Amino acid sequence: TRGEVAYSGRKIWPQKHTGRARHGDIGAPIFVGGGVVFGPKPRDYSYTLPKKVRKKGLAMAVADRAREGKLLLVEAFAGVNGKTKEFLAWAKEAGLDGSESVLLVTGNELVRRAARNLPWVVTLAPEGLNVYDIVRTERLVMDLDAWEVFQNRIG
Amino acid sequence: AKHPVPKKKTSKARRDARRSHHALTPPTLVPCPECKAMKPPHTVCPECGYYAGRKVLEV
Amino acid sequence: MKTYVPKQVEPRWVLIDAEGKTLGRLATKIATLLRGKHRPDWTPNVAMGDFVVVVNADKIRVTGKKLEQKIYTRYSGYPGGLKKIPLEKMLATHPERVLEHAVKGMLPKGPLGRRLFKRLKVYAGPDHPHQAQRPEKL
Amino acid sequence: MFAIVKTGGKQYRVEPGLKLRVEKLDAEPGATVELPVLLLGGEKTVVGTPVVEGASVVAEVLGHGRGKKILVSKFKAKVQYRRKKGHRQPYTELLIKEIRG
Amino acid sequence: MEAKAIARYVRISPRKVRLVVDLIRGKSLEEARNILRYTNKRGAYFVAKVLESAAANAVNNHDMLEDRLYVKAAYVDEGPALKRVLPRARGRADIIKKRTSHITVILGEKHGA
Amino acid sequence: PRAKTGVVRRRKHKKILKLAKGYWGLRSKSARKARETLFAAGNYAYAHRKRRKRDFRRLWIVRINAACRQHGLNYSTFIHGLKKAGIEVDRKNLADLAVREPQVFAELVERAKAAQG
RNA sequence: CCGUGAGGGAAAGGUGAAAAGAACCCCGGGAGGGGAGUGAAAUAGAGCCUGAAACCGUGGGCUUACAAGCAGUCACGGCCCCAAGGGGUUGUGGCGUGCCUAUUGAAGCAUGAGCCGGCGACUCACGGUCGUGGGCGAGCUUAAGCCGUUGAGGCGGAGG
RNA sequence: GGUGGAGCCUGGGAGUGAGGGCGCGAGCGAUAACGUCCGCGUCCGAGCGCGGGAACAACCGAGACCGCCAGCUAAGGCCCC
RNA sequence: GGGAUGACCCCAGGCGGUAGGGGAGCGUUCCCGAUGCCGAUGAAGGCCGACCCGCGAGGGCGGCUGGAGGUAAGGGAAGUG
């Protein structure tokens, strides 16, 4: 604001029989040095979305994805000690070729380390399930324990 | 500044037109006889000088 | 669309004098001729007019009392520089000027207006010092 | 020959080979149109009354087209009133074939 | 072929030197030289020296043959003025521009056999 | 975020300076002497099209009159004729018959005064 | 820099990948050029990337010394430039009271404006009240916080 | 009778709250004023857009979405401009 | 009014306009779209264009410069003309 600018408040020239235009201080917003008018201040863009609408969204988001034929919840993970190598091999057998992007949720931290660095896969703990991450991805893959918690998160 | 002042900025047209008579005349010259040179008339000039008459330096 | 518009018209010379004609009622006709206005190429921006030679000017009749009464006028740019001259005296000298003034005022006032006026040739006479044709009009 | 045909609320002196443009005729792009709409001939047909009766000039529509754009601008002073219209008149081009009356 | 000169930044008003340039446009180098020599104008000197330089170039650089030379084209563009404080009555204080010139002269050859 | 003017102003301005080609002096150079000029130019054009349509009605009439004056009668009367005759045709435009093909004009006159005996 | 002083308070970024930053010759007192030379590029040559406008030049086309004007516009015609079509210019004809503001009323002899470029004015927080897109419904909803994330979301019914 | 950019009802957003001329009817004024105050009407305002009136907000004609090198009229005009 | 709703065609009205009210757009900065796509066979910006689309705000295309960045559809935010 004009108020927050360093310049002093001295009146810059008389006001009257100068022959120049009228002015107070050089911090005014017609002044180059001066303050900006309704410029941004820091503020908070958060707001509290209805929890229920969140349940709905989350439920639906998966559903669209189920309807698509993309939801595949699994059990097999011999792809252990989170090595990208191991996961990838495992993925091949599961027909996850990397031709579409994939959202993998699971509580098993080793499979999490396993993908991650793959650039077509978005890795995720189940409490982190959320529509955006769901939607941005083309294909959805869940641990059955992850599908269990997803159950609880609705009803 | 005070009393009279110009009322309107003057056109480039009206300016260049006032300057119509500003072009200079080329200096008026002729050849030094007895010397190979272009001087103004009625003047002793150091290419030559004159005859039985004073000038720069010549042998 | 037609640009009916002509290529340089071969202008006409005409000799005209109803010596005992009301000026004005003459002058009106003169003018019409001066703009190519009788002719059906009339072209407003061009001067495809006639050349009109008035012979035996002076003589011009005029209605009511318009000598000492019609007053021709000249303001020389000066103080006191209005001059008023009766028509009597215009006839009495420069009679060829009487008809001219009356015609002028009836022609358009631009540059062409001026150019056509010079296609009007007026002689207190008769005898017209240019033999260059002259279908006499009556 | 000669012929003064009328189309679009406008008349035109046509001839065995030319035409210009003349406003939307609902005519198939390359078709034939009779402009039975007709006055005059080059050996003095005239018209007894408006249209010479079973006289028609055939023209061949070459094609359709919007004219060159005009910019129609309106302005009012001391009242902020400024307005742009782009306008292009569409037409059809004909070629006069024959004047058969 | 042509030969060019240009004296950048001469420090004399353009308005003022054009005066002498316009005195020699389209002239043999022989003409020009006499013309400048007896022209009564500070600018003649700067223009003389630029015209002389172009001749050297013509001859020495593009082998162009002196007697054939003339002033094809020549002109002066203003350079960036020096702005300068000039004090007036009542405290007033003006800025004065010391104008500076970019004089150019370009020679070519004449007629033939 | 900040959205400075950037490029935008320079362009509204030289859109308009294009339209100003060939105007005298500053009217073709000043971002805004051009502008002014062009409002007025714009109105001139609009009304002047209206006028063009009246300016030619006028021209035609005057050489129609001329020509039919060549055969005794005049334009007041001549139009009466055409009117009655039913030949609302001529369309002052197309009494350029006056010039190209007077033959044809001559007739037209005849038919005209025939409606009037 | 200004002011005795308290105090006031600017401006000013950018070669190029690499300085390879132009030996040597030429005109000049130098400053500057012209050749040579480096470079992918020198109208990248040193306050050197990009280089708009005002403004000033040079050349070329059309044009003007008996016409009167808000400077344009409509029409014809001429001459100039690539082609049954354009582009430029303007001779004559018709028409024509600048822009903004303020006013009952402005071409106005009422205000503002030398021109060009950039900067420059209806917003955000919390409450309210209409409307609208949705969620659930005799119910709806959570705050602070707590846990989880490390651009993940949960929990939390004090309260309203 | 009358379907009209009529009406009535509920709500959101206004701007205006400085008028001007003309005609008619009164007051004031001097049966003065481009005067002043109301009343009915109208236009300018916002229609300094178009035609007439030499020129000219509000007198006459007439309510301008765009185009035409078509036609018929309005007021007012038809000796020349 | 059709109604193979086609937002595509007929039928009828209307479309001067200041304060104002409403409705549809254009363009600027930034965000998701993006670990993507365009870019040295030349980005952004600049100089022309009598060419194309748009009622317009504008959008393309073509040549010249420029020399390294730019950013769809469809959404979102504002130091937005």
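Nothing in this text is a laboratory measurement; each read-out follows from the coordinates by a stated rule. Positions of Cβ are generated from backbone atoms using ideal geometry, with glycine treated the same way; all protein chains shown enter the neighbour counts.
Just a few scattered comments:
- Inter-residue pairs, beta-carbon under 8 Å, first more than 16 Å from RNA strand G (Cβ to nearest atom) and in region D:9-27, second of a type in the set (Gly, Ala, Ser) and in a loop (DSSP other than H, G, I, E, B), 6+ apart: D:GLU23/D:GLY8
- Filter result (surrounded by fewer than 16 Cβ atoms within 10 Å (Cβ to Cβ), within 10 Å of RNA strand H (Cβ to nearest atom) and either in contact (Cβ under 8 Å) with a residue 60 or more places away in the chain or not basic (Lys, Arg) (or both)) within region C:107-138: C:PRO108, C:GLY110, C:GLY113
- Within region A:96-146, restricting attention to residues that are among the hydroxyl-bearing types (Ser, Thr, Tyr) and assigned to a loop (DSSP other than H, G, I, E, B), the residue that is nearest to A:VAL74 (Cα to Cα) is A:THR106.
- Flag for F:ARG32 being away from chain D (no Cβ under 12 Å) and among the basic types (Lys, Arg): yes
- Residues that are within 12 Å of another protein chain (Cβ to nearest Cβ) and farther than 19 Å from F:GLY72 by Cβ were ranked within region C:27-41; the one that is nearest to the chain's Cα centre (by Cα) is C:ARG35.
- Pick from region F:19-29, criterion out of contact with any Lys or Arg (no Cβ under 9 Å at 6 or more places or on another chain) and more than 12 Å from every other protein chain (Cβ to nearest Cβ), ranking: farthest from B:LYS12 (Cα to Cα): F:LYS21
- Being more than 25 Å from F:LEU26 (Cα to Cα), more than 10 Å from chain E (Cβ to nearest Cβ), in a loop (DSSP other than H, G, I, E, B) and touching a strand residue (DSSP E or B) at 6+ places or on another chain (Cβ under 9 Å) is true of B:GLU47.
- Qualifying residue in region F:68-80 (condition: away from chain D (no Cβ under 14 Å), touching a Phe, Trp or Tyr at 6+ places or on another chain (Cβ under 8 Å) and surrounded by 16 or more Cβ atoms within 10 Å (Cβ to Cβ)): yes
- Residue match in region B:22-32 (condition: in a loop (DSSP other than H, G, I, E, B), farther than 19 Å from E:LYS41 by Cα and hydrophobic (A, V, I, L, M, F, W, C)): no
- The residues listed here are E:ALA55, E:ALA89, E:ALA32; of these, the one that is out of contact with any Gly (no Cβ under 6 Å at 6 or more places or on another chain), under 27 Å from B:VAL30 (Cβ atoms), within 14 Å of chain B (Cβ to nearest Cβ) and not β-branched (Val, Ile, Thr) is E:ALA32.
- The residues listed here are B:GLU58, B:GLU34, B:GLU47; of these, the one that is loosely packed, with under 10 Cβ neighbours inside 10 Å, among the acidic types (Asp, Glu) and free of Cβ contacts under 8 Å to residues at least 24 places away in the same chain is B:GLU58.
- For C:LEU23, the stated conditions hold: it is away from every other protein chain (no Cβ under 13 Å) and touching a residue at least 12 places away in the same chain (Cβ under 8 Å).
- Taking the criterion of being within 24 Å of F:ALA3 (Cα to Cα), small (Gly, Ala, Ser) and more than 6 Å from RNA strand G (Cβ to nearest atom), the residues of region A:7-43 that qualify are A:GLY27, A:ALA28, A:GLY34, A:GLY35, A:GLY39.
- Subset of region C:1-30 (residues that are touching a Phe, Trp or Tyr at 6+ places or on another chain (Cβ under 8 Å) and of a type in the set (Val, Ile, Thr)): C:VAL14
- Qualifying positions in region D:30-76 - assigned to a loop (DSSP other than H, G, I, E, B), among the basic types (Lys, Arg) and within 16 Å of RNA strand H (Cβ to nearest atom): D:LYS68, D:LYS69
- Every residue from region D:12-38 that is closer than 19 Å to D:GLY67 by Cα and within 13 Å of chain F (Cβ to nearest Cβ): D:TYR12
- Of the residues making up region F:1-18, just one is near RNA strand G (Cβ under 6 Å from one of its atoms) and either within 14 Å of chain B (Cβ to nearest Cβ) or in contact (Cβ under 8 Å) with a residue 12 or more places away in the chain (or both), namely F:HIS13.
To keep it simple, each residue is scored yes or no on (1) of a type in the set (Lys, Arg); (2) surrounded by fewer than 16 Cβ atoms within 10 Å (Cβ to Cβ).
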position: A:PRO40; (1), (2): no, yes
position: A:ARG54; (1), (2): yes, yes
position: A:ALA59; (1), (2): no, yes
position: A:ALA63; (1), (2): no, yes
position: A:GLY82; (1), (2): no, no
position: A:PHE87; (1), (2): no, no
position: A:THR123; (1), (2): no, no
position: A:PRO126; (1), (2): no, no
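- Cβ-Cβ contacts under 9 Å between residues 6 or more apart (or on different chains), taken from a first residue in region D:62-79 that is of a type in the set (A, V, I, L, M) to a second residue that is part of a strand (DSSP E or B) and within 7 Å of RNA strand H (Cβ to nearest atom), are listed as D:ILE70/D:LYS85; D:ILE70/D:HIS87; D:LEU71/D:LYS85; D:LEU71/D:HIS87; D:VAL72/D:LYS85; D:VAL72/D:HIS87.
- Qualifying residue in region F:99-117 (condition: among the polar types (S, T, N, Q), within 8 Å of chain D (Cβ to nearest Cβ), within 16 Å of RNA strand G (Cβ to nearest atom) and within 15 Å of D:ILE4 (Cβ to Cβ)): no
- Verdict on E:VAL10 being in a strand (DSSP E or B), surrounded by 17 or more Cβ atoms within 10 Å (Cβ to Cβ), away from chain B (no Cβ under 14 Å) and of a type outside the set (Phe, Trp, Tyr): no
- Residues located in region D:1-28, provided they are within 16 Å of RNA strand I (Cβ to nearest atom), in contact with a strand residue (DSSP E or B) (Cβ under 8 Å, 6 or more places away or on another chain) and not small (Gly, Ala, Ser): D:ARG21, D:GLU23, D:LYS24, D:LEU25, D:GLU28
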